[PDB]
Amino acid sequence: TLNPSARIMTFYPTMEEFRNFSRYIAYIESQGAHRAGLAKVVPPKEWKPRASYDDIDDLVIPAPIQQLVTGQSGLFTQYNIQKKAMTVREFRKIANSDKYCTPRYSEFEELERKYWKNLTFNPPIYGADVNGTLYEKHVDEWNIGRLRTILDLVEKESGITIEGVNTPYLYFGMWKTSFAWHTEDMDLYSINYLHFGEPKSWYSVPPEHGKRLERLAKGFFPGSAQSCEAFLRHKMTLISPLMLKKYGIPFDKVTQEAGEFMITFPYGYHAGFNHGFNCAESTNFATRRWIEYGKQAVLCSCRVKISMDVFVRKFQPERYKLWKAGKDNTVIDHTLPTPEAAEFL
Ligand SMILES: O=C(O)c1ccnc(-n2nccc2-c2cccc(O)c2)c1
Ligand code: NI
Ligand SMILES: [Zn+2]
């Protein structure tokens with residue numbers, strides 16, 4: 001529970017360290033960041049992915065979703081109602097209005113209590129999964145739109161576009177909008193940058209304890225678990241930090257403020273909520289460590305699947321026959337950093 005090996009680390013790279021994305025990820029894994037499932041990276045003060053955000057009031061959010069939550073005793077299920085399209089302007093009006101705005105709070109822990117006490121009431125609207133990017137064309141460091149990781153093999157060799165995985169998504173938040181407990185698609189890494197506005201709070205379970213979270217949820221949602229062997233992948237399940245403490249799931253929390261990146265690691269369960277009107281940009285990425293997580297990922301069996309053949313042939317040609325036949329049973333040690341990190345010791 002308390003073990004700092006599994007606690008969320010924050011990093012403050014210099015501009016020189018920053019310019020190389022894949023290398024900095026390898027560095028933060030050399031320092032154990034991946035054990036927590038989530039890390040924060042504050043960029044160098046000077047760096048700026050856009051001049052300013054005054055000029056986006058006419059951006060269209062095609063499919064805003066109202067987030068209806070049902071439940072009690074810290075277990076909840078989140079349903080989506082697609083609303084018809086609206087602009088950033090229309091969205092900010094609702095968000096900053098008096099029916100939807102951030103309540104009064106002295107500190108994080110007060111706002112958290114109000115979140116878990118009030119998430120079933122007063123359903124907010126989330127401008128989620130908007131295709132696009134808010135970086136200017138000219139930004140070369142940590143550009144969510146083009147990160148140059150090996151994930152690029154899906155598009156380059158397989159010729160496949162997957163929206164929000166291979167491509168960036170924007171998220172327009174408002175108080176009490178939520179992301180439920182999940183790992184990424186195919187258990188990829190993710191990157192999330194908060195462009196502006198109020199903060200985003202995150203909960204994280206270390207990858208070494210993720211199966212504990214799955215067994216908690218199977219047990220609390222037996223119906224869901226019979227229908228689909230990865231029902232968390234549906235992104236409808238909210239579980240409170242008080243339930244996690246109560247059943248001995250270790251977890252950590254952290255708050256992302258405007259201008260910060262969050263990195264999620266393979267098989268890092270995460271959830272959270274936005275404090276008020278904000279905008280984030282995110283996509284998935286991979287390292288060589290990801291490949292084993294990809295091969296082994298348990299997928300939604302009832303409704304994103306990436307073909308691993310390209311990755312195994314390119315990076316594990318020795319193991320390919322064995323893997324195709326069903327014989328490869330490498331076991332993942334979640335503690336080990338990516339091979340790319342050998343240069344740091
Ligand atoms: O909306 C977020 O702030 C957020 C944060 C972290 N991860 C997610 N992810 N990651 C993959 C897919 C989602 C996602 C996307 C849309 C709604 C949702 O509840 C979750 C979304
Ligand atoms: Ni995520
Ligand atoms: Zn399913």
# chains A, B, ... in the order shown; residues from 1 in each chain; ligands from 1
$ closest_atom_pairs --of "chain A" --to "ligand 2" --cutoff "8 Å" --atoms "only C-alpha atoms and all ligand atoms" --output "CSV"
residue,atom,partner,partner_atom_place_in_ligand_line,distance
A:179,CA,ligand 2,1 (Ni),7.7
A:182,CA,ligand 2,1 (Ni),6.3
A:183,CA,ligand 2,1 (Ni),6.0
A:184,CA,ligand 2,1 (Ni),5.3
A:190,CA,ligand 2,1 (Ni),6.6
A:264,CA,ligand 2,1 (Ni),7.2
A:270,CA,ligand 2,1 (Ni),6.5
A:271,CA,ligand 2,1 (Ni),7.6
$ write_last_selection --atoms "N, CA and C atoms" --output "PDB file, in the first residue's frame"
ATOM      1  N   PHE A 179     -13.513   9.560 -15.860  1.00  0.00           N
ATOM      2  CA  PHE A 179     -13.076   8.423 -16.626  1.00  0.00           C
ATOM      3  C   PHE A 179     -13.039   7.284 -15.640  1.00  0.00           C
ATOM      4  N   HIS A 182      -9.821   1.615 -15.890  1.00  0.00           N
ATOM      5  CA  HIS A 182      -9.401   0.920 -17.096  1.00  0.00           C
ATOM      6  C   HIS A 182      -7.890   0.876 -17.255  1.00  0.00           C
ATOM      7  N   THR A 183      -7.463  -0.056 -18.093  1.00  0.00           N
ATOM      8  CA  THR A 183      -6.199   0.021 -18.786  1.00  0.00           C
ATOM      9  C   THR A 183      -6.440   0.432 -20.211  1.00  0.00           C
ATOM     10  N   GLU A 184      -5.359   0.674 -20.918  1.00  0.00           N
ATOM     11  CA  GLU A 184      -5.483   1.136 -22.274  1.00  0.00           C
ATOM     12  C   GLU A 184      -5.782  -0.023 -23.154  1.00  0.00           C
ATOM     13  N   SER A 190      -0.122   5.187 -22.298  1.00  0.00           N
ATOM     14  CA  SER A 190      -0.724   6.429 -22.778  1.00  0.00           C
ATOM     15  C   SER A 190      -0.003   7.701 -22.339  1.00  0.00           C
ATOM     16  N   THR A 264       0.644   6.882 -18.579  1.00  0.00           N
ATOM     17  CA  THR A 264       0.183   5.589 -18.023  1.00  0.00           C
ATOM     18  C   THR A 264       1.004   4.459 -18.642  1.00  0.00           C
ATOM     19  N   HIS A 270      -6.268   2.911 -14.235  1.00  0.00           N
ATOM     20  CA  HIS A 270      -6.490   4.251 -13.780  1.00  0.00           C
ATOM     21  C   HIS A 270      -7.937   4.743 -13.905  1.00  0.00           C
ATOM     22  N   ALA A 271      -8.290   5.744 -13.119  1.00  0.00           N
ATOM     23  CA  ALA A 271      -9.611   6.387 -13.151  1.00  0.00           C
ATOM     24  C   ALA A 271      -9.443   7.796 -12.680  1.00  0.00           C
TER      25      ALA A 271
END
$ residues_around --residues "range 75-90 of chain A" --least-positions-apart "4" --cutoff "7 Å" --atoms "only C-alpha atoms" --output "list in words"
residues 56, 57, 58, 59, 60, 61, 62, 63, 64, 65, 66, 67, 68, 69, 70, 71, 94, 236, 237, 238, 239 and 240 of chain A
$ select_by_dssp --residues "range 9-152 of chain A" --states "strand (DSSP E)" --output "VMD selection string"
chain A and resid 9 to 11 38 to 41 60 to 61 65 to 72 75 to 82 86 to 87 125 to 131
$ residues_near_ligand --ligand "ligand 1" --cutoff "9 Å" --atoms "only C-alpha atoms and all ligand atoms" --output "ChimeraX atom specification"
/A:78,126-129,164-165,169-173,177-185,190-192,200-202,233-236,262,264,270-274,280-284
$ select_by_dssp --residues "range 167-226 of chain A" --states "helix (DSSP H, G or I)" --output "PyMOL selection string"
chain A and resi 185-187+207-220+222-226
$ write_last_selection --atoms "C-alpha atoms" --output "JSON list (two decimals), in the first residue's frame"
[["chain", "number", "residue", "atom", "x", "y", "z"],
["A", 185, "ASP", "CA", -6.38, -0.67, -25.40],
["A", 186, "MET", "CA", -4.11, -3.69, -25.95],
["A", 187, "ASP", "CA", -2.55, -2.53, -22.63],
["A", 207, "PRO", "CA", 0.43, -3.05, -12.60],
["A", 208, "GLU", "CA", 1.75, -5.61, -10.06],
["A", 209, "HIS", "CA", -1.70, -5.38, -8.28],
["A", 210, "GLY", "CA", -4.05, -5.02, -11.30],
["A", 211, "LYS", "CA", -5.34, -8.60, -11.03],
["A", 212, "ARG", "CA", -6.50, -7.70, -7.50],
["A", 213, "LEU", "CA", -8.59, -4.94, -8.96],
["A", 214, "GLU", "CA", -10.03, -7.33, -11.59],
["A", 215, "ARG", "CA", -11.01, -9.84, -8.83],
["A", 216, "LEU", "CA", -12.65, -7.11, -6.77],
["A", 217, "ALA", "CA", -14.76, -6.09, -9.77],
["A", 218, "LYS", "CA", -15.67, -9.62, -10.96],
["A", 219, "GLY", "CA", -16.94, -10.10, -7.40],
["A", 220, "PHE", "CA", -18.90, -6.90, -7.25],
["A", 222, "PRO", "CA", -20.86, -10.95, -11.35],
["A", 223, "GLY", "CA", -23.41, -10.36, -14.17],
["A", 224, "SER", "CA", -20.96, -8.25, -16.20],
["A", 225, "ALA", "CA", -18.12, -10.73, -15.65],
["A", 226, "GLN", "CA", -20.16, -13.70, -17.01]]
$ residues_around --residues "residue 18 in chain A" --least-positions-apart "4" --cutoff "12 Å" --atoms "only C-alpha atoms" --output "JSON, numbers by chain"
{"A": [11, 12, 13, 14, 22, 23, 24, 25, 27, 28, 41, 42, 43, 44, 45, 46, 47, 140, 141, 142, 143]}
$ residues_near_ligand --ligand "ligand 3" --cutoff "8 Å" --atoms "only C-alpha atoms and all ligand atoms" --output "list in words"
residues 227, 228, 229, 230, 231, 232, 233, 234, 299, 300, 301, 302 and 303 of chain A
$ write_last_selection --atoms "N, CA and C atoms" --output "PDB file, in the first residue's frame"
ATOM      1  N   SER A 227     -20.830 -12.268 -18.853  1.00  0.00           N
ATOM      2  CA  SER A 227     -20.986 -11.845 -20.250  1.00  0.00           C
ATOM      3  C   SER A 227     -19.692 -11.583 -21.053  1.00  0.00           C
ATOM      4  N   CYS A 228     -18.631 -11.126 -20.397  1.00  0.00           N
ATOM      5  CA  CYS A 228     -17.465 -10.600 -21.130  1.00  0.00           C
ATOM      6  C   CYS A 228     -16.258 -10.794 -20.280  1.00  0.00           C
ATOM      7  N   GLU A 229     -15.180 -11.330 -20.830  1.00  0.00           N
ATOM      8  CA  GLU A 229     -14.064 -11.590 -19.940  1.00  0.00           C
ATOM      9  C   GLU A 229     -13.170 -10.364 -19.613  1.00  0.00           C
ATOM     10  N   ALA A 230     -13.477  -9.204 -20.189  1.00  0.00           N
ATOM     11  CA  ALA A 230     -12.782  -7.961 -19.877  1.00  0.00           C
ATOM     12  C   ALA A 230     -13.744  -6.783 -19.821  1.00  0.00           C
ATOM     13  N   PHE A 231     -14.678  -6.840 -18.889  1.00  0.00           N
ATOM     14  CA  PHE A 231     -15.781  -5.857 -18.862  1.00  0.00           C
ATOM     15  C   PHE A 231     -15.313  -4.476 -18.386  1.00  0.00           C
ATOM     16  N   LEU A 232     -14.147  -4.410 -17.730  1.00  0.00           N
ATOM     17  CA  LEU A 232     -13.584  -3.127 -17.395  1.00  0.00           C
ATOM     18  C   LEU A 232     -13.264  -2.359 -18.652  1.00  0.00           C
ATOM     19  N   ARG A 233     -12.920  -3.069 -19.720  1.00  0.00           N
ATOM     20  CA  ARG A 233     -12.641  -2.404 -20.993  1.00  0.00           C
ATOM     21  C   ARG A 233     -13.818  -1.617 -21.502  1.00  0.00           C
ATOM     22  N   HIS A 234     -15.039  -1.885 -21.015  1.00  0.00           N
ATOM     23  CA  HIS A 234     -16.227  -1.068 -21.387  1.00  0.00           C
ATOM     24  C   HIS A 234     -16.199   0.374 -20.876  1.00  0.00           C
ATOM     25  N   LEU A 299      -8.867  -9.303 -24.001  1.00  0.00           N
ATOM     26  CA  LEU A 299      -9.610  -8.352 -24.806  1.00  0.00           C
ATOM     27  C   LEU A 299     -11.088  -8.474 -24.539  1.00  0.00           C
ATOM     28  N   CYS A 300     -11.862  -7.385 -24.780  1.00  0.00           N
ATOM     29  CA  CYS A 300     -13.341  -7.421 -24.667  1.00  0.00           C
ATOM     30  C   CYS A 300     -13.868  -8.484 -25.629  1.00  0.00           C
ATOM     31  N   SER A 301     -14.649  -9.432 -25.104  1.00  0.00           N
ATOM     32  CA  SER A 301     -15.161 -10.590 -25.866  1.00  0.00           C
ATOM     33  C   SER A 301     -16.633 -10.465 -26.334  1.00  0.00           C
ATOM     34  N   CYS A 302     -17.245  -9.277 -26.185  1.00  0.00           N
ATOM     35  CA  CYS A 302     -18.697  -9.088 -26.347  1.00  0.00           C
ATOM     36  C   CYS A 302     -19.173  -8.003 -27.373  1.00  0.00           C
ATOM     37  N   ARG A 303     -18.280  -7.194 -27.936  1.00  0.00           N
ATOM     38  CA  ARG A 303     -18.610  -6.189 -28.996  1.00  0.00           C
ATOM     39  C   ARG A 303     -17.562  -6.284 -30.133  1.00  0.00           C
TER      40      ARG A 303
END
$ atom_distance --atom1 "CA of residue 50 in chain A" --atom2 "CA of residue 134 in chain A"
6.9 Å
$ atom_distance --atom1 "CA of residue 206 in chain A" --atom2 "CA of residue 263 in chain A"
13.0 Å
$ closest_residue --among "A:91, A:338, A:1, A:100" --to "residue 247 in chain A" --atoms "only C-alpha atoms"
A:1
$ atom_distance --atom1 "CA of residue 103 in chain A" --atom2 "CA of residue 278 in chain A"
15.3 Å
$ residues_around --residues "residue 288 in chain A" --least-positions-apart "6" --cutoff "8 Å" --atoms "only C-alpha atoms" --output "PyMOL selection string"
chain A and resi 150+315+338-340
$ decode --residues "range 60-77 of chain A" --atoms "N, CA, C and O atoms" --output "mmCIF file, in the first residue's frame"
data_model
loop_
_atom_site.group_PDB
_atom_site.id
_atom_site.type_symbol
_atom_site.label_atom_id
_atom_site.label_comp_id
_atom_site.auth_asym_id
_atom_site.auth_seq_id
_atom_site.Cartn_x
_atom_site.Cartn_y
_atom_site.Cartn_z
ATOM 1 N N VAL A 60 -15.862 22.254 -32.991
ATOM 2 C CA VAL A 60 -17.025 21.388 -32.853
ATOM 3 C C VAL A 60 -16.710 20.097 -32.111
ATOM 4 O O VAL A 60 -15.819 19.345 -32.493
ATOM 5 N N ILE A 61 -17.500 19.849 -31.083
ATOM 6 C CA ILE A 61 -17.471 18.589 -30.383
ATOM 7 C C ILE A 61 -18.616 17.792 -30.978
ATOM 8 O O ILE A 61 -19.755 18.101 -30.653
ATOM 9 N N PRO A 62 -18.327 16.802 -31.859
ATOM 10 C CA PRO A 62 -19.370 16.091 -32.636
ATOM 11 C C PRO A 62 -20.357 15.306 -31.827
ATOM 12 O O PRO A 62 -21.547 15.365 -32.128
ATOM 13 N N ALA A 63 -19.862 14.604 -30.795
ATOM 14 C CA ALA A 63 -20.631 13.604 -30.043
ATOM 15 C C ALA A 63 -20.415 13.741 -28.526
ATOM 16 O O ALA A 63 -19.932 12.808 -27.896
ATOM 17 N N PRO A 64 -20.805 14.896 -27.932
ATOM 18 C CA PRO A 64 -20.728 15.065 -26.462
ATOM 19 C C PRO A 64 -21.572 14.022 -25.790
ATOM 20 O O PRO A 64 -22.591 13.619 -26.345
ATOM 21 N N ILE A 65 -21.181 13.580 -24.609
ATOM 22 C CA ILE A 65 -21.929 12.506 -23.978
ATOM 23 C C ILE A 65 -22.276 12.973 -22.589
ATOM 24 O O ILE A 65 -21.456 13.579 -21.930
ATOM 25 N N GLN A 66 -23.520 12.786 -22.183
ATOM 26 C CA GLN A 66 -23.931 13.061 -20.831
ATOM 27 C C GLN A 66 -23.628 11.808 -20.011
ATOM 28 O O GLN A 66 -23.889 10.710 -20.456
ATOM 29 N N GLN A 67 -23.118 11.977 -18.798
ATOM 30 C CA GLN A 67 -22.559 10.860 -18.034
ATOM 31 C C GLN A 67 -23.499 10.650 -16.897
ATOM 32 O O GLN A 67 -23.482 11.414 -15.937
ATOM 33 N N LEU A 68 -24.335 9.625 -17.035
ATOM 34 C CA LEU A 68 -25.326 9.256 -16.024
ATOM 35 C C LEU A 68 -24.650 8.195 -15.197
ATOM 36 O O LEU A 68 -24.127 7.267 -15.774
ATOM 37 N N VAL A 69 -24.663 8.332 -13.880
ATOM 38 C CA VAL A 69 -24.064 7.351 -12.990
ATOM 39 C C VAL A 69 -25.118 6.818 -12.042
ATOM 40 O O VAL A 69 -25.910 7.600 -11.476
ATOM 41 N N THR A 70 -25.076 5.500 -11.836
ATOM 42 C CA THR A 70 -26.017 4.813 -10.946
ATOM 43 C C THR A 70 -25.219 3.970 -9.942
ATOM 44 O O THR A 70 -24.245 3.308 -10.299
ATOM 45 N N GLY A 71 -25.641 4.010 -8.694
ATOM 46 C CA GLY A 71 -25.105 3.142 -7.662
ATOM 47 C C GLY A 71 -25.088 3.793 -6.286
ATOM 48 O O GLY A 71 -25.725 4.838 -6.035
ATOM 49 N N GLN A 72 -24.288 3.188 -5.411
ATOM 50 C CA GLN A 72 -24.282 3.485 -3.982
ATOM 51 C C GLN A 72 -23.083 2.797 -3.313
ATOM 52 O O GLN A 72 -22.424 1.938 -3.934
ATOM 53 N N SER A 73 -22.824 3.112 -2.042
ATOM 54 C CA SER A 73 -21.760 2.404 -1.272
ATOM 55 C C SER A 73 -20.470 2.328 -2.075
ATOM 56 O O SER A 73 -19.869 1.245 -2.153
ATOM 57 N N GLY A 74 -20.116 3.438 -2.737
ATOM 58 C CA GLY A 74 -18.902 3.533 -3.522
ATOM 59 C C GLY A 74 -18.713 2.631 -4.740
ATOM 60 O O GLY A 74 -17.605 2.575 -5.243
ATOM 61 N N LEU A 75 -19.759 1.926 -5.209
ATOM 62 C CA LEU A 75 -19.755 1.168 -6.464
ATOM 63 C C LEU A 75 -20.762 1.763 -7.396
ATOM 64 O O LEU A 75 -21.911 1.988 -7.005
ATOM 65 N N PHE A 76 -20.361 1.999 -8.642
ATOM 66 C CA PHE A 76 -21.193 2.739 -9.562
ATOM 67 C C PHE A 76 -20.969 2.276 -10.970
ATOM 68 O O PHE A 76 -19.907 1.740 -11.299
ATOM 69 N N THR A 77 -21.966 2.534 -11.812
ATOM 70 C CA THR A 77 -21.914 2.178 -13.209
ATOM 71 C C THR A 77 -22.233 3.453 -13.983
ATOM 72 O O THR A 77 -23.188 4.170 -13.646
#
